[PDB]
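A lone chain, given as structure tokens: the form deposited in one PDB entry.
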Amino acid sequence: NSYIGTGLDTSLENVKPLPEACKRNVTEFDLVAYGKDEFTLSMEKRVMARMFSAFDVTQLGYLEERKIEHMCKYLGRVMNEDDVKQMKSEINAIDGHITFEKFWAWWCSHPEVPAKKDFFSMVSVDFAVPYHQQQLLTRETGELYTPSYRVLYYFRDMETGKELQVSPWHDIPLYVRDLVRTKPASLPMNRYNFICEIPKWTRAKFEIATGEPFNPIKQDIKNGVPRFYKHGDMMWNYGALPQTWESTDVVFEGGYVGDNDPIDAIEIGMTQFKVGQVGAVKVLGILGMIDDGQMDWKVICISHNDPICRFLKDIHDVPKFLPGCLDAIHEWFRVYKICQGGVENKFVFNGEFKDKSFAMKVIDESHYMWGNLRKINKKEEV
């Protein structure tokens, strides 16, 4: 804030502020921004004149018609091949030297074409990338608490409306990706899909049937009697991330001893998911538990739709808004087998909750192994 600038490199010192500003003791910025009146023609002149001198770099007192033409395009005027001619004719400056007065006289007399505006620039990267969006659908079938119970998945082409059964394991994308991401680039990507197997506040077991076609969710029934966590209810939604695989075969050079299931995840928002429900989550960290000698990661995440999600930036924020959460999660997994004759479970990294960068890395390795699990089978049989 001070005075109206031209927008080209200049110098303060010898520029005289419009008189109406000085008289009032208000800067020009302030007068044009907040003064209720518009600038007079007298006032615009003194401004355009300063613009003229700016363009007059060789400060010679006039400008060549090629400059006056850039200046015009700089001031916003649409100067086509025709218009430029009309200006020269108007100024009729045989030597092509145009004075300010002659310029200003011409400007004021030709507020250029009205509706000619009807020109719209259409340049565009034209990233013509069309696609039928799918809407995920789930359907239960069978009787709850029996072996027929299954939660099936389908995509609905919201274009054709055709339904197709899909595998929540292979078909639901792991990363939730925007075709054109609008969130600040300064903000890293953290948006994943999560599949609830066991809802918050419940102890009945369910899981993705990795062995059946389309990988529907089934109840864990053994000898015709549904299974349950006897230790107590679960208190967060427990589930899994799609397109991942904790291979029991080490598959790369820093490979661990997976358990052959999609990576496990715990979502800590306030809302209970229903069985097999899918939703976008934000990964906050991870906890490594040992299960029968196998590495059994539990990704800690929170639904993007929870009211506090936006304040939970990493795993250190959880004890700040959900005190007790990470302690209860840790203690619950350490001891859930003891009431069944088992013993406490052990954890890697001293049972500490690793942060999001660490989690996301584990999640990618898991995505990678899921990917290579596809290659081997998807290609060999084919």
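From 1 onward, residues are counted along the sequence shown. Basically, rigid core = biggest C-alpha set you can superpose within 1.5 Å across the two forms.
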Q) Between 282-290 and 94-102, which has the larger average Cα B-factor in the PDB entry? A) 94-102
(Q) Highest mean C-alpha temperature factor of the two stretches 368-376 and 355-363, which is it? (A) 368-376
Q | Of the residues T182, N80, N237, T146, the one carrying the largest Cα B-factor as recorded | A | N80
Q: By the entry's C-alpha temperature factors, tell me which of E267, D126, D171, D261 sits highest.
A: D126
Q. C-alpha B factor of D30, ranked within the chain: lowest, middle or highest third?
A. lowest
Q.
For the chain shown, is the CA B-factor of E64 in the lowest, middle or highest third of its modelled residues?
A. highest
**Q.** CA B-factor ranking of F214, expressed as a third of its chain
**A.** middle
(Q) Based on the deposited C-alpha B factors for this chain, I'd like to know if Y153 is in the lowest, middle or highest third. (A) lowest
**Q.** Third assignment of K162 from its chain's C-alpha B-factors
**A.** highest
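Another form, the form deposited in another entry, is not on view; read the next lines as being about it.
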Q.
Shifts of 2 Å or more at the CA atom, core superposed, between the shown form and the other one: which of the listed residues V180, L75, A128, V225 is the one?
A. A128
Q | Post core alignment: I98 C-alpha displaced by 2 Å or more between the shown form and the other one | A | yes
(Q) Once both forms sit on the same rigid core, is the C-alpha displacement of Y256 at or above 2 Å between the shown form and the other one? (A) yes
Q. Any CA movement of 2 Å or more for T40 between the shown form and the other one, core superposed?
A. yes
**Q.** CA-CA separation of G255 and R334, closer or farther in that other deposited form than in the form shown [shift of 3 angstroms or more]
**A.** closer
Q: Just say closer or farther for the C-alpha distance from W370 to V251 in that other deposited form, relative to the shown form; it changes by 3 Å or more.
A: farther
